[PDB]
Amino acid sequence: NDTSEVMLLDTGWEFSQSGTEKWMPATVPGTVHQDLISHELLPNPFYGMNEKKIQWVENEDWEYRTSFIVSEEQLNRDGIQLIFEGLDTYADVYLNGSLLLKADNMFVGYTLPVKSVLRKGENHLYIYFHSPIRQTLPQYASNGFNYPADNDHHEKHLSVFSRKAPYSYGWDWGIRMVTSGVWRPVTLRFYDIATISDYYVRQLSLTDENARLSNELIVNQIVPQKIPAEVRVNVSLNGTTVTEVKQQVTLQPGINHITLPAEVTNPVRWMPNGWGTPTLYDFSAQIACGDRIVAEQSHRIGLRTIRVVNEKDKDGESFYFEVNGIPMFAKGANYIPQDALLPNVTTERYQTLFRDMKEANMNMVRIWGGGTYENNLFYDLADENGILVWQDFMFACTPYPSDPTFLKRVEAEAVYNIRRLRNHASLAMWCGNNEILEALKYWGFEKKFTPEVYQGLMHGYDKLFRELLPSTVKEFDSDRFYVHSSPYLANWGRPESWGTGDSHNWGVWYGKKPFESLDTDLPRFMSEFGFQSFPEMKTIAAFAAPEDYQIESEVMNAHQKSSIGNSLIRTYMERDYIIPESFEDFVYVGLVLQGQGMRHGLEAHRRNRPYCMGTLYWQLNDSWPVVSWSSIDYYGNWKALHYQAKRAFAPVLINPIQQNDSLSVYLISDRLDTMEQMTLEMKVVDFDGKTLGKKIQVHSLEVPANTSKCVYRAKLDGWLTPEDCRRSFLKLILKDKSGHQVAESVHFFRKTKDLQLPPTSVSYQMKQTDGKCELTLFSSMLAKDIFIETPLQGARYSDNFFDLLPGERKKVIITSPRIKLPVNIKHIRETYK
């Protein structure tokens, strides 16, 4: 908001396979693979068995070219900057005969002075992308060992020598697409005097009465002279000025450091999702020179405190978030890249994912270390939606090199992204890596390497994750928590360690343990736990042709990357469900299974507060069509788990838990106010509609702010008989003083396969309009875990994957911009004879 001018270099690009001298139009920002796809030069990489078919690309080099005009007047601007916000990865940048840059890090933006190099008339930019494979083959050959990066799907684990998105080389839920290109925007900036290279709003203190801030600016002045300037900072809320400060300086050639304090009396605090409004102030800094604003930069700032509490206690070592003075039980998921080709992920896709988190009652996301440091948009959406961000550094599942050159590179990405992200209200903590110390301690490396090589790995770990990264963070983000690794001490098969910090509880899934083990195997903080499902059929039909709808078709197997996966789903299914004979019925019960099992854990974690202080499931989302632990498939479709997670994350929850032939009922509130004079009411109901015995009433119940408390216990013996337990359900409701409902739950006393479910018909009525579909569903008898299925990709539902209770009408709204609709209603009893 200044005298500067910006030219976007996002049109007129062309690409070539090096050596062919053949050029075709390209899209920038973009990827080599998409450019081919666009010209039919590659098949849909996500279809069938096409993974093998597209690998040849990572063995070639790729060249990109563009031209632009510069007028004489633009050339007389004091400064002209070319900015690359992302180059993937080994890129020689040439402009008008000049090598501007040899890029070598995907996660770094490059700002380049180019005015002395530009010409009036046309100017030619040319970028040579060395293959990341062929670039690192010599590095590999000199190493004398293979890094154990199992998720890198190649004989040679070259991923670890490159500062490039780990997941691009393969992963246990991902396709290998080792891509290249200009992956974030190219901008050209014509300005006078100076640019602001950094604007940091440092919060010094915050009380109800006053926020004290330090506006810290790095101004890069590009002219030979000493230029007097007034630096101004304006603070506004909804377009109205709250406070304003200025300062006189004389700017010197080169870098200038400027600090202005500003205070906000009676600050309006940023609150996390569920606790209030995620209020964002506007901070705007300007360099004024005479009458003209030569440089301006702004941030949206949330005024809040975040403290990670990680302290010894009677139970081991705590691990929790206190927000604005209040311990906050974390509710969320682990986030992976939204696509195999990152520039394909649109503004709308970003927005919809944040809607999906907000709607599932989440207050936190982990940006896990095998993906990317996400774009600015991702964090702006987290700020405005009240989602705390746990940021891994981009290291996962393997030890990494630690030589001086490697570390210099990593240091630049650390400094680059820390300054990129440190102004975000949503940013809560840094974490050095995913699972590397657990890897080094427990994954059997000491039998795979010489003792000398093992030790170099262990020394190299400390160099990067206990020295370099914690010290960069101390320097640039000094009031933000850092931890060297998730999980930092706790291991899933070592019970003695579960009271020490955070857990990845992979006993469920990998360890084959029943979902009921989440009730007894409790963490101080769950940072990962998970279970897999096939996506629904419209997503299968996106990759598989009708003749491939078998669990082990070649095409199905190309889309399962846990080699353990498919048979394990069957094993868990069998414990709890009758395994359907049709593949479509298996997919439907698989969704129900994943959702029911996982919510039982989410529930155990909240129920066990304050011992347990958070739960993030593995994983929120998918990068392509695949069988995975996700709760939302690649096309935006909520699996059962997403609806179940929403239910289990509700601010107030009635949690009935039945162990040892006995029912407990807990009231769990993440509310900031205490609820008083509450009534729990329950009744047993058979599958035809009919109350068994009488309503149970528990009056005078209090539900304190931020607690989980037991308010009801009853033995099952003498209340219900084994045949009642298989032919009925508990309905639970919570009402305030005046009989107003604040919560409800349904409880089944037996495993679904043990239920005597009646053959029933779910009937519906449709009232279809533009983009909307109102369904009213009725069934005389209980219909178990119903799935309302439509062929419309990305259709949203007010509800789904729920029990349709006996003779109780149920309204569901389906929306999609593409509604001018086939409905298929599945339920458990239909799946078997």
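Heads up: residue numbers just count along the shown sequence, starting at 1. The term rigid core refers to the maximal set of C-alpha atoms that superpose within 1.5 Å between the two forms.
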Divergent stretch in 6 other deposited structures of this protein, 562-570 or 594-602 [C-alpha RMS, superposed by the core]
562-570
Judged by RMS Cα deviation after a rigid core fit in 6 other deposited structures of this protein, the more variable of 660-668 and 541-549 is 541-549
According to the PDB entry, how many deposited residues between residue 809 and residue 810 are absent from the model (none, 1 to 3, 4 to 9, 10 or more)?
none
Output the stretch having the higher mean C-alpha B factor in the entry; the candidates are 580-588 and 350-358.
580-588
Would you determine, from the values in the PDB entry, which of 37-45 and 52-60 has the greater average C-alpha temperature factor?
37-45
Looking only at 409, 157, 422, 713, the Cα with the top B-factor belongs to 713
Please pick out which of 437, 137, 295, 743 has the largest Cα B-factor as recorded in the entry.
743
Taking the C-alpha B-factors as the PDB entry records them, is residue 92 in the lowest, middle or highest third of its chain?
lowest
Thinking about Cα B factors across the chain, which third does residue 337 belong to?
lowest
Among the modelled residues of this chain, does the Cα B factor of residue 797 put it in the lowest, middle or highest third?
middle
Pull the Cα B-factor of residue 727 out of the PDB entry and bin it into the chain's lowest, middle or highest third.
highest
Based on the entry's values, in what third of the chain does the Cα temperature factor of residue 428 lie: lowest, middle or highest?
lowest
